[PDB]
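>>> just dropping in an experimental structure and the matching sequence.
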Amino acid sequence: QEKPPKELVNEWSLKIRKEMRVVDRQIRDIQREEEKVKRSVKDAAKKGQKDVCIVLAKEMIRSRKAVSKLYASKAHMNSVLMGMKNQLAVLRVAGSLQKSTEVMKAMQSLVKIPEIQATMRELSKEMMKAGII
């Protein structure tokens with residue numbers, strides 16, 4: 001055969017790490033956009049446009065949840081990263097991966113839709129063949 005050695009872990013670490021830079025990015029962008037929406041809400045209050053503050057508010061809440069759901073995902077990703085560190089650990093003395101109900105649920109809750117998170121469905125796959133999920 002000619003498989004990759006259990007450096008499939010280093011590979012998946014790199015990707016998980018990559019997607020986490022993405023997340024950081026998206027959080028930063030939404031934050032940056034909250035700054036503006038804030039100024040906007042201010043003016044719109046000062047000028048008595050009640051109806052506009054109201055909606056810019058509903059805008060504000062939606063940002064906040066967007067960031068929440070994001071930091072969530074990042075936690076999940078971090079859970080998969082640690083799981084990989086663990087797998088390396090397990091390999092350091094065995095030399096063969098093994099199951100993980102940890103890197104399974106994170107990588108379950110993680111295969112959501114809004115984002116290129118089709119890759120997560122692929123890692124998911126690669127990982128099962130390996131014998132991690």
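Received it, and whenever you're ready, just let me know what you need. Residues are numbered from 1 along each chain as shown.

>>> ok, and what's touching stretch 98-105?
The set of residues external to stretch 98-105 that reach it, using Cβ atoms under 8 Å, 6 or more residues apart in numbering, is 79-80, 82-84, 86-87, 90, 127, 131-133. Any C-beta I mention is one placed from the backbone N, CA and C, and that applies to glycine too.

>>> for it, measure first residue to last.
The first residue of stretch 98-105 is 15 Å away from its last residue (Cα to Cα, to the nearest Å).

>>> give me the distance between it and the centre of its chain.
For stretch 98-105, the separation from the chain centroid amounts to 17 Å (computed by Cα atoms, centre = their mean, to the nearest Å).

>>> just to revisit the earlier point, among the contacts of stretch 98-105, who's most crowded?
Neighbour counts for those, by other Cβ atoms under 10 Å, peak at residue 80, which reaches 28 neighbours.

>>> now render the contacts of stretch 98-105 as CSV, adding distance to residue 112 and secondary structure.
Shown next, in CSV, are the contacts of stretch 98-105 (distance: Cβ to Cβ, whole Å; DSSP: H, G, I helix; E, B strand; the rest coil):
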residue, distance to residue 112, secondary structure
79, 15, helix
80, 14, helix
82, 20, helix
83, 18, helix
84, 20, helix
86, 24, helix
87, 23, helix
90, 28, helix
127, 17, helix
131, 25, coil
132, 20, coil
133, 17, coil
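
>>> pipe those into a markdown table and attach distance to residue 53 per row.
As requested, these are exported to a markdown table (distance: Cβ to Cβ, whole Å):
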| residue | distance to residue 53 |
| --- | --- |
| 79 | 39 |
| 80 | 41 |
| 82 | 43 |
| 83 | 45 |
| 84 | 46 |
| 86 | 49 |
| 87 | 51 |
| 90 | 55 |
| 127 | 48 |
| 131 | 55 |
| 132 | 50 |
| 133 | 48 |
